[PDB]
């Protein structure tokens, strides 16, 4: 089993309560092809990101927020080199988080509310070494 490395943590919410998405990474996860930005838009218009941007869409795990309240986390893990590209591009980072949100909704039957933010001081919600992919 592959243990993910923390990347960054996205806080959002839903009619079912608070949700955190750990955008995390591993060198064991296949990277997307390195396409141009023009080609990336094409991928979206052809609705092919489901196959062309590999990511793990992790199972929900119950956790606690900083106020000690119950919430739900999901680990979305991508290739480490791809993660490092995402970090250095607001465009790519926001796009990939948006794709990951859609992926979790479709996979788990969730309905997220649209507002989200990347946490500044906390990288991952949950026990990392317990969250094998």
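Positions refer to the first chain, counted from 1.
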Would you tell me which stretch averages the higher CA B-factor in the PDB entry, 84-92 or 97-105?
84-92
Which has higher Cα B-factors on average according to the PDB entry: 74-82 or 60-68?
60-68
Residue 30: C-alpha B-factor third of its chain, per the entry, is the highest
Taking the C-alpha B-factors as the PDB entry records them, is residue 123 in the lowest, middle or highest third of its chain?
lowest
Place residue 113 in the lowest, middle or highest third of its chain's C-alpha B-factors, as listed in the PDB entry.
middle
For residue 4, the third of its chain into which the C-alpha B factor falls:
highest
Ordered by C-alpha B-factor within the chain, which third holds residue 22? Give me lowest, middle or highest, please.
lowest
